[PDB]
Structure formats: structure tokens, C-alpha cells
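J.: So that you have it, the file is final08.pdb, and it contains PDB, N, CA and C atoms:
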```pdb
MODEL        1
ATOM      1  N   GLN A   1      -5.921 -32.643  10.898  1.00  0.00           N
ATOM      2  CA  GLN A   1      -6.822 -31.979   9.961  1.00  0.00           C
ATOM      3  C   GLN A   1      -7.677 -30.933  10.669  1.00  0.00           C
ATOM      4  N   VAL A   2      -8.199 -31.269  11.852  1.00  0.00           N
ATOM      5  CA  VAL A   2      -8.987 -30.307  12.618  1.00  0.00           C
ATOM      6  C   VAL A   2      -8.135 -29.099  12.989  1.00  0.00           C
ATOM      7  N   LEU A   3      -6.893 -29.344  13.412  1.00  0.00           N
ATOM      8  CA  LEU A   3      -6.007 -28.245  13.784  1.00  0.00           C
ATOM      9  C   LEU A   3      -5.734 -27.324  12.602  1.00  0.00           C
ATOM     10  N   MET A   4      -5.451 -27.890  11.425  1.00  0.00           N
ATOM     11  CA  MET A   4      -5.139 -27.029  10.290  1.00  0.00           C
ATOM     12  C   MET A   4      -6.383 -26.289   9.817  1.00  0.00           C
ATOM     13  N   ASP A   5      -7.554 -26.928   9.906  1.00  0.00           N
ATOM     14  CA  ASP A   5      -8.789 -26.243   9.540  1.00  0.00           C
ATOM     15  C   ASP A   5      -9.063 -25.073  10.476  1.00  0.00           C
ATOM     16  N   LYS A   6      -8.835 -25.269  11.776  1.00  0.00           N
ATOM     17  CA  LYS A   6      -8.983 -24.168  12.723  1.00  0.00           C
ATOM     18  C   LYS A   6      -7.982 -23.059  12.430  1.00  0.00           C
ATOM     19  N   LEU A   7      -6.747 -23.429  12.079  1.00  0.00           N
ATOM     20  CA  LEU A   7      -5.746 -22.430  11.717  1.00  0.00           C
ATOM     21  C   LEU A   7      -6.166 -21.646  10.479  1.00  0.00           C
ATOM     22  N   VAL A   8      -6.710 -22.340   9.477  1.00  0.00           N
ATOM     23  CA  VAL A   8      -7.171 -21.679   8.259  1.00  0.00           C
ATOM     24  C   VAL A   8      -8.307 -20.717   8.576  1.00  0.00           C
ATOM     25  N   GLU A   9      -9.261 -21.155   9.400  1.00  0.00           N
ATOM     26  CA  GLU A   9     -10.360 -20.278   9.792  1.00  0.00           C
ATOM     27  C   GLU A   9      -9.848 -19.052  10.539  1.00  0.00           C
ATOM     28  N   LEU A  10      -8.906 -19.250  11.463  1.00  0.00           N
ATOM     29  CA  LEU A  10      -8.362 -18.130  12.222  1.00  0.00           C
ATOM     30  C   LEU A  10      -7.630 -17.149  11.315  1.00  0.00           C
ATOM     31  N   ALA A  11      -6.833 -17.662  10.375  1.00  0.00           N
ATOM     32  CA  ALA A  11      -6.119 -16.791   9.448  1.00  0.00           C
ATOM     33  C   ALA A  11      -7.076 -16.027   8.544  1.00  0.00           C
ATOM     34  N   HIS A  12      -8.150 -16.675   8.092  1.00  0.00           N
ATOM     35  CA  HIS A  12      -9.114 -16.013   7.222  1.00  0.00           C
ATOM     36  C   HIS A  12     -10.022 -15.052   7.978  1.00  0.00           C
ATOM     37  N   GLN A  13     -10.141 -15.206   9.299  1.00  0.00           N
ATOM     38  CA  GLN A  13     -10.930 -14.264  10.086  1.00  0.00           C
ATOM     39  C   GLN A  13     -10.366 -12.850  10.006  1.00  0.00           C
ATOM     40  N   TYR A  14      -9.039 -12.714   9.964  1.00  0.00           N
ATOM     41  CA  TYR A  14      -8.433 -11.388   9.933  1.00  0.00           C
ATOM     42  C   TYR A  14      -8.636 -10.699   8.591  1.00  0.00           C
ATOM     43  N   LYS A  15      -8.753 -11.472   7.508  1.00  0.00           N
ATOM     44  CA  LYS A  15      -8.947 -10.928   6.168  1.00  0.00           C
ATOM     45  C   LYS A  15      -7.814  -9.981   5.795  1.00  0.00           C
ATOM     46  N   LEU A  16      -6.594 -10.514   5.690  1.00  0.00           N
ATOM     47  CA  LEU A  16      -5.432  -9.681   5.393  1.00  0.00           C
ATOM     48  C   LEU A  16      -5.559  -8.986   4.044  1.00  0.00           C
ATOM     49  N   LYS A  17      -6.300  -9.581   3.107  1.00  0.00           N
ATOM     50  CA  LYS A  17      -6.441  -8.985   1.782  1.00  0.00           C
ATOM     51  C   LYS A  17      -7.180  -7.655   1.852  1.00  0.00           C
ATOM     52  N   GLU A  18      -8.180  -7.558   2.733  1.00  0.00           N
ATOM     53  CA  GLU A  18      -8.873  -6.287   2.919  1.00  0.00           C
ATOM     54  C   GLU A  18      -7.922  -5.217   3.438  1.00  0.00           C
ATOM     55  N   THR A  19      -7.049  -5.582   4.379  1.00  0.00           N
ATOM     56  CA  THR A  19      -6.057  -4.634   4.873  1.00  0.00           C
ATOM     57  C   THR A  19      -5.104  -4.207   3.762  1.00  0.00           C
ATOM     58  N   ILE A  20      -4.658  -5.160   2.939  1.00  0.00           N
ATOM     59  CA  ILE A  20      -3.739  -4.832   1.851  1.00  0.00           C
ATOM     60  C   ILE A  20      -4.398  -3.885   0.856  1.00  0.00           C
ATOM     61  N   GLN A  21      -5.658  -4.146   0.501  1.00  0.00           N
ATOM     62  CA  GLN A  21      -6.318  -3.297  -0.487  1.00  0.00           C
ATOM     63  C   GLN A  21      -6.634  -1.919   0.087  1.00  0.00           C
ATOM     64  N   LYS A  22      -6.993  -1.845   1.374  1.00  0.00           N
ATOM     65  CA  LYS A  22      -7.170  -0.538   2.002  1.00  0.00           C
ATOM     66  C   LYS A  22      -5.862   0.244   2.016  1.00  0.00           C
ATOM     67  N   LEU A  23      -4.754  -0.429   2.334  1.00  0.00           N
ATOM     68  CA  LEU A  23      -3.453   0.229   2.320  1.00  0.00           C
ATOM     69  C   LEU A  23      -3.102   0.723   0.923  1.00  0.00           C
ATOM     70  N   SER A  24      -3.364  -0.092  -0.099  1.00  0.00           N
ATOM     71  CA  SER A  24      -3.083   0.323  -1.470  1.00  0.00           C
ATOM     72  C   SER A  24      -3.943   1.514  -1.876  1.00  0.00           C
ATOM     73  N   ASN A  25      -5.226   1.499  -1.506  1.00  0.00           N
ATOM     74  CA  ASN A  25      -6.104   2.620  -1.826  1.00  0.00           C
ATOM     75  C   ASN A  25      -5.632   3.899  -1.149  1.00  0.00           C
ATOM     76  N   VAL A  26      -5.221   3.808   0.117  1.00  0.00           N
ATOM     77  CA  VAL A  26      -4.710   4.983   0.813  1.00  0.00           C
ATOM     78  C   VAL A  26      -3.423   5.476   0.159  1.00  0.00           C
ATOM     79  N   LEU A  27      -2.523   4.554  -0.193  1.00  0.00           N
ATOM     80  CA  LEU A  27      -1.271   4.936  -0.842  1.00  0.00           C
ATOM     81  C   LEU A  27      -1.510   5.578  -2.201  1.00  0.00           C
ATOM     82  N   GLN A  28      -2.591   5.209  -2.880  1.00  0.00           N
ATOM     83  CA  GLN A  28      -2.909   5.795  -4.174  1.00  0.00           C
ATOM     84  C   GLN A  28      -3.521   7.186  -4.062  1.00  0.00           C
ATOM     85  N   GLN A  29      -3.819   7.650  -2.849  1.00  0.00           N
ATOM     86  CA  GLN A  29      -4.384   8.976  -2.632  1.00  0.00           C
ATOM     87  C   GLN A  29      -3.316  10.041  -2.422  1.00  0.00           C
ATOM     88  N   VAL A  30      -2.040   9.661  -2.413  1.00  0.00           N
ATOM     89  CA  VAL A  30      -0.959  10.614  -2.190  1.00  0.00           C
ATOM     90  C   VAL A  30      -0.652  11.337  -3.494  1.00  0.00           C
ATOM     91  N   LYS A  31       0.131  12.408  -3.409  1.00  0.00           N
ATOM     92  CA  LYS A  31       0.473  13.250  -4.554  1.00  0.00           C
ATOM     93  C   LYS A  31       1.888  12.897  -5.003  1.00  0.00           C
ATOM     94  N   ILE A  32       2.002  11.886  -5.862  1.00  0.00           N
ATOM     95  CA  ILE A  32       3.307  11.493  -6.385  1.00  0.00           C
ATOM     96  C   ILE A  32       3.764  12.405  -7.523  1.00  0.00           C
ATOM     97  N   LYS A  33       2.826  12.943  -8.307  1.00  0.00           N
ATOM     98  CA  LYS A  33       3.197  13.797  -9.430  1.00  0.00           C
ATOM     99  C   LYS A  33       3.858  15.084  -8.954  1.00  0.00           C
ATOM    100  N   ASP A  34       3.358  15.665  -7.861  1.00  0.00           N
ATOM    101  CA  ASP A  34       3.976  16.874  -7.322  1.00  0.00           C
ATOM    102  C   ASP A  34       5.413  16.611  -6.895  1.00  0.00           C
ATOM    103  N   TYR A  35       5.652  15.479  -6.228  1.00  0.00           N
ATOM    104  CA  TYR A  35       7.004  15.146  -5.793  1.00  0.00           C
ATOM    105  C   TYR A  35       7.920  14.891  -6.983  1.00  0.00           C
ATOM    106  N   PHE A  36       7.413  14.205  -8.013  1.00  0.00           N
ATOM    107  CA  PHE A  36       8.217  13.983  -9.210  1.00  0.00           C
ATOM    108  C   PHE A  36       8.562  15.300  -9.893  1.00  0.00           C
ATOM    109  N   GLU A  37       7.595  16.217  -9.974  1.00  0.00           N
ATOM    110  CA  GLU A  37       7.856  17.524 -10.569  1.00  0.00           C
ATOM    111  C   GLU A  37       8.888  18.302  -9.763  1.00  0.00           C
ATOM    112  N   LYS A  38       8.790  18.252  -8.433  1.00  0.00           N
ATOM    113  CA  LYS A  38       9.773  18.935  -7.598  1.00  0.00           C
ATOM    114  C   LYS A  38      11.167  18.350  -7.790  1.00  0.00           C
ATOM    115  N   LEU A  39      11.270  17.020  -7.857  1.00  0.00           N
ATOM    116  CA  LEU A  39      12.570  16.391  -8.075  1.00  0.00           C
ATOM    117  C   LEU A  39      13.143  16.759  -9.438  1.00  0.00           C
ATOM    118  N   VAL A  40      12.298  16.783 -10.471  1.00  0.00           N
ATOM    119  CA  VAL A  40      12.758  17.174 -11.801  1.00  0.00           C
ATOM    120  C   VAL A  40      13.238  18.620 -11.791  1.00  0.00           C
ATOM    121  N   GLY A  41      12.492  19.506 -11.130  1.00  0.00           N
ATOM    122  CA  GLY A  41      12.922  20.891 -11.036  1.00  0.00           C
ATOM    123  C   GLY A  41      14.236  21.042 -10.296  1.00  0.00           C
ATOM    124  N   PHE A  42      14.416  20.280  -9.218  1.00  0.00           N
ATOM    125  CA  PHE A  42      15.645  20.379  -8.435  1.00  0.00           C
ATOM    126  C   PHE A  42      16.842  19.857  -9.221  1.00  0.00           C
ATOM    127  N   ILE A  43      16.672  18.733  -9.923  1.00  0.00           N
ATOM    128  CA  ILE A  43      17.778  18.212 -10.722  1.00  0.00           C
ATOM    129  C   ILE A  43      18.082  19.144 -11.892  1.00  0.00           C
ATOM    130  N   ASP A  44      17.057  19.773 -12.476  1.00  0.00           N
ATOM    131  CA  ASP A  44      17.300  20.756 -13.527  1.00  0.00           C
ATOM    132  C   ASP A  44      18.054  21.965 -12.989  1.00  0.00           C
ATOM    133  N   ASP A  45      17.692  22.429 -11.790  1.00  0.00           N
ATOM    134  CA  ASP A  45      18.418  23.532 -11.171  1.00  0.00           C
ATOM    135  C   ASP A  45      19.870  23.155 -10.913  1.00  0.00           C
ATOM    136  N   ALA A  46      20.106  21.930 -10.440  1.00  0.00           N
ATOM    137  CA  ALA A  46      21.473  21.477 -10.209  1.00  0.00           C
ATOM    138  C   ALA A  46      22.267  21.434 -11.509  1.00  0.00           C
ATOM    139  N   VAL A  47      21.656  20.928 -12.583  1.00  0.00           N
ATOM    140  CA  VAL A  47      22.343  20.864 -13.871  1.00  0.00           C
ATOM    141  C   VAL A  47      22.645  22.267 -14.385  1.00  0.00           C
ATOM    142  N   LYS A  48      21.687  23.186 -14.248  1.00  0.00           N
ATOM    143  CA  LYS A  48      21.901  24.561 -14.690  1.00  0.00           C
ATOM    144  C   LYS A  48      23.029  25.219 -13.906  1.00  0.00           C
TER     145      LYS A  48
ENDMDL
END
```
Would you write the structure of this file as C-alpha cells?
T.:
Amino acid sequence: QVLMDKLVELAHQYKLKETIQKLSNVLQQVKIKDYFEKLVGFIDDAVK
């Protein structure tokens, strides 16, 4: 029990959820609409 409690404390010290949410926030700052528009334009050019 002491060992698993120490393991739980050690795992929670890193706070992986904060890293995940920071990564998600950074990923949400990218320009996906521009890339989608470029892909749509390129596929339209190919079809034409």
C-alpha cells in the first residue's frame, strides 16, 4: 500500500493533464481553415 501510494504521488507530481491541455491549446492555435481551403482549391483545380 505504501509503495502504490508513493507511485500515485509520483505520477500525480508530473500532472500529465496539464501537459495534455497545454498541447491541445497550442494545437488549437494553428490555421486549419487555410489548409482546408488550399486543399479544396487544389482538388478543384485537379477536377477542372
J.: Apply DSSP to the structure's backbone, then extract all residues of segment 17-48 of chain A labelled helix (DSSP H, G or I) and return them as a short mmCIF file (atom, residue, chain, number, x, y, z; two decimals) with N, CA and C atoms, in the frame of the given file.
T.:
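See result_27.cif below for the written result:
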```
data_model
loop_
_atom_site.label_atom_id
_atom_site.label_comp_id
_atom_site.auth_asym_id
_atom_site.auth_seq_id
_atom_site.Cartn_x
_atom_site.Cartn_y
_atom_site.Cartn_z
N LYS A 17 -6.30 -9.58 3.11
CA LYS A 17 -6.44 -8.98 1.78
C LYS A 17 -7.18 -7.66 1.85
N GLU A 18 -8.18 -7.56 2.73
CA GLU A 18 -8.87 -6.29 2.92
C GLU A 18 -7.92 -5.22 3.44
N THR A 19 -7.05 -5.58 4.38
CA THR A 19 -6.06 -4.63 4.87
C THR A 19 -5.10 -4.21 3.76
N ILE A 20 -4.66 -5.16 2.94
CA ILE A 20 -3.74 -4.83 1.85
C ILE A 20 -4.40 -3.88 0.86
N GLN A 21 -5.66 -4.15 0.50
CA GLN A 21 -6.32 -3.30 -0.49
C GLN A 21 -6.63 -1.92 0.09
N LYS A 22 -6.99 -1.84 1.37
CA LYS A 22 -7.17 -0.54 2.00
C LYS A 22 -5.86 0.24 2.02
N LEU A 23 -4.75 -0.43 2.33
CA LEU A 23 -3.45 0.23 2.32
C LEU A 23 -3.10 0.72 0.92
N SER A 24 -3.36 -0.09 -0.10
CA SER A 24 -3.08 0.32 -1.47
C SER A 24 -3.94 1.51 -1.88
N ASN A 25 -5.23 1.50 -1.51
CA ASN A 25 -6.10 2.62 -1.83
C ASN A 25 -5.63 3.90 -1.15
N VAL A 26 -5.22 3.81 0.12
CA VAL A 26 -4.71 4.98 0.81
C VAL A 26 -3.42 5.48 0.16
N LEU A 27 -2.52 4.55 -0.19
CA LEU A 27 -1.27 4.94 -0.84
C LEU A 27 -1.51 5.58 -2.20
N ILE A 32 2.00 11.89 -5.86
CA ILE A 32 3.31 11.49 -6.38
C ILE A 32 3.76 12.40 -7.52
N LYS A 33 2.83 12.94 -8.31
CA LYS A 33 3.20 13.80 -9.43
C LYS A 33 3.86 15.08 -8.95
N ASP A 34 3.36 15.66 -7.86
CA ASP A 34 3.98 16.87 -7.32
C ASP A 34 5.41 16.61 -6.90
N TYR A 35 5.65 15.48 -6.23
CA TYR A 35 7.00 15.15 -5.79
C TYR A 35 7.92 14.89 -6.98
N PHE A 36 7.41 14.20 -8.01
CA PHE A 36 8.22 13.98 -9.21
C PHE A 36 8.56 15.30 -9.89
N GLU A 37 7.60 16.22 -9.97
CA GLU A 37 7.86 17.52 -10.57
C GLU A 37 8.89 18.30 -9.76
N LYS A 38 8.79 18.25 -8.43
CA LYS A 38 9.77 18.93 -7.60
C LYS A 38 11.17 18.35 -7.79
N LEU A 39 11.27 17.02 -7.86
CA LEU A 39 12.57 16.39 -8.07
C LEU A 39 13.14 16.76 -9.44
N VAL A 40 12.30 16.78 -10.47
CA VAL A 40 12.76 17.17 -11.80
C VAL A 40 13.24 18.62 -11.79
N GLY A 41 12.49 19.51 -11.13
CA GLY A 41 12.92 20.89 -11.04
C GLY A 41 14.24 21.04 -10.30
N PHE A 42 14.42 20.28 -9.22
CA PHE A 42 15.64 20.38 -8.44
C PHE A 42 16.84 19.86 -9.22
N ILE A 43 16.67 18.73 -9.92
CA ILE A 43 17.78 18.21 -10.72
C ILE A 43 18.08 19.14 -11.89
N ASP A 44 17.06 19.77 -12.48
CA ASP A 44 17.30 20.76 -13.53
C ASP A 44 18.05 21.96 -12.99
N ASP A 45 17.69 22.43 -11.79
CA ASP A 45 18.42 23.53 -11.17
C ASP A 45 19.87 23.16 -10.91
N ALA A 46 20.11 21.93 -10.44
CA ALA A 46 21.47 21.48 -10.21
C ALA A 46 22.27 21.43 -11.51
N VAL A 47 21.66 20.93 -12.58
CA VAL A 47 22.34 20.86 -13.87
C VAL A 47 22.64 22.27 -14.38
#
```
J.: Please define a box with edges along x, y and z of the file around all atoms of segment 3-10 of chain A given in the file, extend it by 4 Å on each side, and return its centre and edge lengths in Å to one decimal, as lines of an AutoDock Vina configuration file.
T.:
```
center_x = -7.7
center_y = -23.2
center_z = 11.0
size_x = 13.2
size_y = 20.2
size_z = 13.5
```
J.: Please measure the separation of atom CA of residue 6 of chain A and atom CA of residue 23 of chain A, giving the value in Å to one decimal.
T.: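 About the pair atom CA of residue 6 of chain A and atom CA of residue 23 of chain A: they are 27.1 Å apart.
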J.: May I ask for the distance between atom CA of residue 26 of chain A and atom CA of residue 10 of chain A, given in Å to one decimal place?
T.: 26.0 Å
J.: If you measure from atom N of residue 9 of chain A to atom N of residue 21 of chain A, what distance in Å do you get, rounded to one decimal?
T.: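 Taking atom N of residue 9 of chain A and atom N of residue 21 of chain A, their separation equals 19.5 Å.
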